[PDB]
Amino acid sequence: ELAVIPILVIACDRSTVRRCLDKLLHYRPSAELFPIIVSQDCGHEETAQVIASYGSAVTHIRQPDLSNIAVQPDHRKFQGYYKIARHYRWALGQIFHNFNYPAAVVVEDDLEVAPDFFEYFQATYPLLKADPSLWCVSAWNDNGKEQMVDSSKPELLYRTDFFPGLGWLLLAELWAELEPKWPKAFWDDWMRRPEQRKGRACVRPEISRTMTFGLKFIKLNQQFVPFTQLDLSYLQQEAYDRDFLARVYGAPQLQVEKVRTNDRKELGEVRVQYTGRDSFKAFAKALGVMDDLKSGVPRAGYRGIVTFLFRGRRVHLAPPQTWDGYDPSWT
């Protein structure tokens, strides 16, 4: 069954929200199934005029409080981040309380969507509703540069412990949990903390369904995949944690230097094992994978495993299988 899922576009003072809206409107399959609500903060007149010119194709709402926010002593340079957090709190409150929608896909104004962006969320929304171990579906692959993704598998999806944002679906139920403790600033890194995440994962793709414009190297998928016609049961936690983990640890192990230099090419899928924070950093860097960690979680990591393509080979940068939780001190 098809479900109504609003798209909440977060805008402020960039006239290029035009490019974001033009792509969303071009690919939208139904205005009824995907109403677009553009929440504009900042009161930038030119941007307001641009949004208004779309007329009824979107609903334009305006964050009401344009005042400066009192910041804490360590944050004089970060007024903008306090304003962003205030805008998200207000806009999500509008989509879930005033409009009373059951879920929403949050899209920053500098994101261009892929042709199957809507199909992807329509197909994954039922997974999010049914699996309490998931808390979001994201269009973003943090290691999604062209040379690091398999273009022959545009349909492949994964679970990740690293909340990616950048085009993401959440349920009204999650907003009910987050709203009472919403932070003053740095909302996305706050969601990445264990006190918020509570061990929950997001679905993310092999090839990103959003790309930033105006991170710049992430490749936007251009081959339409009919996700609603595919069997996505493999993403259920019980199946995924058995099958994907058996796949990762069943793969032959190779030293990082051998992967880097393309040795043993007959092995199309391998595992590079790291044992501590220093080796994770070093190995990630050697293979061109993002090496920063938020609350101890690596970008696109799942049970500590970062999966990507390297010189055409599938690689799993993984901890020993005795892994049992993230350590926030891995900074």
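Note that residue numbering follows the sequence shown and begins at 1.
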Pick one of none, 1 to 3, 4 to 9 or 10 or more for the number of deposited-sequence residues not modelled between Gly214 and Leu215.
10 or more
Can you tell me whether 102-110 has a higher mean C-alpha B factor than 236-244 in this record, or the other way round?
236-244
On average, which has the higher Cα B-factor in the deposited entry, 74-82 or 156-164?
74-82
Could you say which of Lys145, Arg209, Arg197, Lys184 has its CA atom at the highest B factor, as listed in the PDB entry?
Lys184
According to the PDB entry, is the CA B factor of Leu317 in the bottom, middle or top third of its chain, that is, lowest, middle or highest?
middle
Looking at the entry's B-factor column for C-alpha atoms only, identify whether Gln63 ranks in the lowest, middle or highest third of its chain.
middle
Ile305: which third of its chain by C-alpha temperature factor?
lowest
Which third, lowest, middle or highest, does the C-alpha temperature factor of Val272 belong to within its own chain?
middle
Among the modelled residues of its chain, does the C-alpha B-factor of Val38 lie in the lowest, middle or highest third?
lowest
